[PDB]
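Note sheet for the following structure.
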RNA sequence: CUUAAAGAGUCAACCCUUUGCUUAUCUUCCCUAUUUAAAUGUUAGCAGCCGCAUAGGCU
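In my numbering, the protein residues as written are 1334 to 1506.
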């Protein structure tokens, strides 16, 4: 693990639980919110042109950190400060508002500008929960186009694409 | 003051060749239709032409 984490910090080195990369690939906005991360929550991963080194079985950094709270046992801190501090040096905040939706909300006596950006856990728990447990009403999408590995490593890993729900009500006869 | 802002999805096609549905069969017995109505409304133009008839008249 140490050599490819060192390769990651020598690379671009960004981990995130929230992004706008899924809305448009020209996003480059990245924030790791802290209080929403629970034991089964999942996190995606970006480095430039989705590069990396395998762990001698074709295994990159993602399923490593994703597999059953692997990240948690370094985040809670039972693996020592030596790995935990180098992990914490990667989760930085990167701000960008270009080519993103920018909407308003009525707050108390006034309006507030805010940018909707996507969630990390929702896509991966969607691919692993509407699929395995027999929900038979969904749309399968692939982002991006013929080269989907431009966004993230989550984008890179599965090429079947994520799943949304159908929002089609039954209609009047 | 909207996941606000925005975008050509276009094209082409031989499905088709062949076929034994056959063999019989008990529907079957019993019954109160019935009793009283205004056809209202025809109050609708016909054998007709005296008639350029699509304007106006007479038996």
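A virtual CB, placed ideally from N, CA and C, is assigned to each residue, including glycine.
Distance from the CA atom of residue 1363 to the CA atom of residue 1495, rounded to whole angstroms, is 20 Å. Between residue 1403 and residue 1355, the alpha-carbon positions lie close to 24 Å from each other. Scanning 1499, 1444, 1406 for the CA closest to the CA of residue 1472 turns up 1499. For residue 1396, there is no enclosing beta strand (DSSP E); the enclosing alpha helix (DSSP H) covers residues 1394-1399. By the Cβ test, the segment 1436-1454 is not in contact with the segment 1467-1483, since fewer than three Cβ pairs between them sit closer than 8 Å. Comparing alpha-carbon positions, the option among 1478, 1491, 1429, 1483 lying closest to residue 1456 turns out to be 1491. For residue 1412, DSSP assigns no beta-bridge partner whatsoever.
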